[PDB]
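Student: fold the following and give me the result.
(2 chains)
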Number of protein chains: 2
Amino acid sequence: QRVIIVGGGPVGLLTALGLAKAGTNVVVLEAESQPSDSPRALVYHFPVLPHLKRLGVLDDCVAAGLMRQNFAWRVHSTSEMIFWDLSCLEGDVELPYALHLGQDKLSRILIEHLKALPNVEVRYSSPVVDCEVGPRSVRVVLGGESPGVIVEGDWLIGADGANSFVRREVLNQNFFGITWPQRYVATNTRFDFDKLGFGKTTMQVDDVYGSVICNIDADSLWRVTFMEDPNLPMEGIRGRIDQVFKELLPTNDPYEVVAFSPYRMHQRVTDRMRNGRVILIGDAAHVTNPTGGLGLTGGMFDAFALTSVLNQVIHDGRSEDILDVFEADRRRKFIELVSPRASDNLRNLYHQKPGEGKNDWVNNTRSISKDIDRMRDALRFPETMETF
Amino acid sequence: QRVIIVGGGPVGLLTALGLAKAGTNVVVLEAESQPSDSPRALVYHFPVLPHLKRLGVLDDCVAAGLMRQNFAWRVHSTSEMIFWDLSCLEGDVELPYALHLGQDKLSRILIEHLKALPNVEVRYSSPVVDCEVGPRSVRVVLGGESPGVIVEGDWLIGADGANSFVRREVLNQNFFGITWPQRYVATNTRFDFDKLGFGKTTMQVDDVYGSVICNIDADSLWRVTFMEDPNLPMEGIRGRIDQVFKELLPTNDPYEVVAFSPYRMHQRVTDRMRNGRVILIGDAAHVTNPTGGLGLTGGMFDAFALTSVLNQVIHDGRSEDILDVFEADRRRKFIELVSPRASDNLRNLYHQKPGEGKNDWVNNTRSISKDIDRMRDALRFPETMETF
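Tutor: Residues are numbered from 1 along each chain as shown, chains lettered A, B, ... in the order given. Next up is the structure itself:
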């Protein structure tokens, strides 16, 4: 019973590895020729880490990335830093840390691990040019560097991103929701935030210069974001980065813009995450704005829950109806917990103009920071996103 | 081809009348003893009115209620009144009015017109307690003042409200979304807003004493709302109404609380509004908070869209696939247009604390008031909720 995974990013590769370690025969197909290194979420929150450890990749991730416990809110109007700290979870959770690691680097580690499994085949530069899906079988034909090759399987997993071929073309499913008005500008910028006392993740609150400032690697490379009007012409964007940064950055110290990418953000979910032998996970199933990194976290919990349930269907003869239970719970988490939380995150970080509301928000954030019970409760949210 | 409608509110009765006028055999079954007069939305916006005229009940609505064009935003902190006026649509819509009429009074007019059509039966106090659904027929068994009665048909339409038997028990569909944190308290209050210059609908903007103030009849009965923390005991609500009205109402003039009811408010939608021979419409399909009356309006556009398509199925032999188009478009309207707009309506009306954001809001609202084309564009939103 071969499983075909369309999508060569973390969600698809984590699913590959979990399925493969159970003896499942797996074929991963990615259209692009390598994992994307574009500026996207890069933090693996505490409840994800036991799953990475179980899969045997956490130690390599730690070697390649970094672990931290500190987190800072920075009020731009006053320069006040307010620290929260995951060490308040030290007896409550197995791994009370946050891991910083680019998704491209996690993907390479996953690929090296899949090589060790002879039951898994990985094919980059191999887009799907046609797909027919039956009640009991699936069939794709490849292009790119795999011309005309035919791949047949028992299950098709759509793990191929916001613009999913599988969701749109194979299933012809909807993707209803909203698109935020503002353009999201995500940069990787070299700037010494560490000497200025910043949290390894620092969330800058403002109505013009709100930003997620998040450490990428040890060469002082940091994620730095901001919002702008999507009507501002695309050709001027690099110049506008400089103009924004003159006020967004905390000093006039030198910086290098290493990479930048403008995005539109969405709160969208598909009608159904399972439809016969076809399943959708990650951004192919649902998209959130990335404030708080909850799209990445949700996609990984998609991967872990599907791995558990599909391994049981294939190896333990479990009834396929468990897949319907799976898909509904994964939509329930996204619609009822993740999407509202991420939306509140975006609004609180980027859109509070001066007034009573903002002052109340800051006073409350400061109070949580001095009350371990409220801090624990604030910090614990990602654990609620996992399906059991 | 008999159609069974579960639900005796305006959505169900409107669908009944449209189907019946084309010769459809219809059975309507309402659990309760008579149409609800609980305080709910009561305004029928301009794009609903041509459909009420087409069905021939608009005349009885006008006689029973009131038509108006004026609309006011009131800033509680400054007592500023800012008026928008529907007569700026005089040239572009055929009925540039807003109709105020209690839904119970609407339902009673629809009951009278349904009596004239022998091909419809309207059974009240007849809750459905069991149901069997087949690939090509449906059957229900009634409780209430019709016990053991068996009703068979070719179609089942669930129009039975937010806690729908048809959605939950017949289809076992989900109702994913969010519940707002505050208790909504909708009063019918006798108070002379007319002599103070209020708009027939007035929306009072505040972070504590926000309120929808909307005229119900000609005896100075008005809808007056407010939000409160739902952890307050249900038992002391009448005393709290008096405390709130001390500062909410614009003067110290006398008032009479005639009726009130507390609600929790939701933004939720089911997985599909059509599944075989079962269709969901109105609050059984999707629920929004009532700020701006978009739930009533969307439910009515459910009925008008379903009537047109389903009449084509039964009498013109159109392919049943038109229902798949219908259901997706109705979900698209709710998810992408109505629920985001109503949600912004609520936040803008009841939660804007003093600050730059609220001052910006007021200045924009006032600028729209002096720009006939911007006011035209602001007022026009409900026409986009209609399915074609």
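
Student: would you map the helices across chain A?
Tutor: For chain A, the helices defined by DSSP state H cover A:10-21, A:49-54, A:58-64, A:103-115, A:165, A:237-248, A:294-315, A:321-333, A:339-350, A:356-369, A:372-379.

Student: right, so those: which one is the most enclosed?
Tutor: Across those, averaging neighbours per residue (mean count of other C-beta atoms under 10 Å in any protein chain shown) puts helix A:10-21 on top, at a mean of 26. Every residue, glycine included, has its C-beta placed from N, CA and C.

Student: my guess is residue A:49 meets residue A:89, correct?
Tutor: No: checked against C-beta atoms under 8 Å, the pair residue A:49 and residue A:89 is beyond contact range at 11.6 Å.

Student: how close does residue A:88 get to residue A:70?
Tutor: Note on residue A:88: its distance to residue A:70, by C-beta to C-beta, to the nearest Å, is 11 Å.

Student: whoops, I mixed them up, residue A:200
Tutor: Counting by C-beta to C-beta, the gap from residue A:200 to residue A:70 is 6 Å.

Student: next: residue A:61.
Tutor: Distance, residue A:61 to residue A:70, using C-beta to C-beta: 19 Å.

Student: go on, residue A:110?
Tutor: Separation of residue A:110 from residue A:70 (C-beta to C-beta) stands at 27 Å.

Student: next one: residue A:127
Tutor: 42 Å.

Student: from chain A, which residue is nearest to chain B?
Tutor: Proximity of chain A to chain B (C-beta to the nearest C-beta) peaks at residue A:355, 1.5 Å away.

Student: can you report how many residues neighbour that residue?
Tutor: Residue A:355: 18 surrounding residues under other C-beta atoms under 10 Å in any protein chain shown.

Student: not counting sequence-adjacent ones, nearest residue to it?
Tutor: Nearest residue to residue A:355, sequence neighbours excluded (C-beta to C-beta, 6 or more residues apart in numbering or on different chains): residue B:355, at 1.5 Å.

Student: my read: the one you found touches residue A:361, true?
Tutor: No: here residue B:355 does not reach residue A:361: they are 11.2 Å apart, not a contact under C-beta under 8 Å.

Student: about what we covered before: list the residues that contact the residue nearest to residue A:355.
Tutor: Residues near residue B:355 by C-beta atoms under 8 Å, 6 or more residues apart in numbering or on different chains: A:353, A:354, A:355, A:356, A:357, A:358.

Student: please name the nearest non-neighbouring residue to the fifth one.
Tutor: In space, residue A:357 comes closest to residue B:353 once its chain neighbours are excluded; the distance is 4.5 Å by C-beta to C-beta, 6+ apart.

Student: spit out the contact partners of that neighbour.
Tutor: A:355, A:356, A:357, A:360, B:207.

Student: please redo it, this time with the cut-off set to 10 Å
Tutor: Listed by C-beta atoms under 10 Å, 6 or more residues apart in numbering or on different chains, the contact partners of residue B:353 are A:355, A:356, A:357, A:358, A:359, A:360, B:206, B:207, B:208.

Student: how about those in JSON lines, adding distance to residue A:171?
Tutor: Below are the contacts of residue B:353 laid out as JSON lines (distance: C-beta to C-beta, whole Å):
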{"residue": "A:355", "distance to residue A:171": "45"}
{"residue": "A:356", "distance to residue A:171": "47"}
{"residue": "A:357", "distance to residue A:171": "42"}
{"residue": "A:358", "distance to residue A:171": "43"}
{"residue": "A:359", "distance to residue A:171": "48"}
{"residue": "A:360", "distance to residue A:171": "45"}
{"residue": "B:206", "distance to residue A:171": "47"}
{"residue": "B:207", "distance to residue A:171": "44"}
{"residue": "B:208", "distance to residue A:171": "48"}
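
Student: can you tell me which of these is nearest residue A:57?
Tutor: Using C-beta to C-beta, residue A:358 is the member of these that lies nearest residue A:57, at 41.0 Å.

Student: one step back: mutual contacts of residue A:49 and residue A:89, please.
Tutor: The contact sets of residue A:49 and residue A:89 overlap at A:95, A:96, A:97 (C-beta under 10 Å, 6+ apart).

Student: which residues touch residue A:322?
Tutor: When contacts are counted by C-beta under 10 Å, 6+ apart, residue A:322 touches A:274, A:308, A:309, A:310, A:312, A:313.

Student: against residue B:157, how distant is the fourth one?
Tutor: As judged by C-beta to C-beta, residue A:310 and residue B:157 stand 37 Å apart.

Student: cool, the third one as well?
Tutor: Counting by C-beta to C-beta, the gap from residue A:309 to residue B:157 is 35 Å.

Student: likewise for the second one?
Tutor: Remark: distance between residue A:308 and residue B:157 (C-beta to C-beta) = 39 Å.

Student: count the residues that sit near residue A:159.
Tutor: Residues near residue A:159, counting by other C-beta under 10 Å, number 33.
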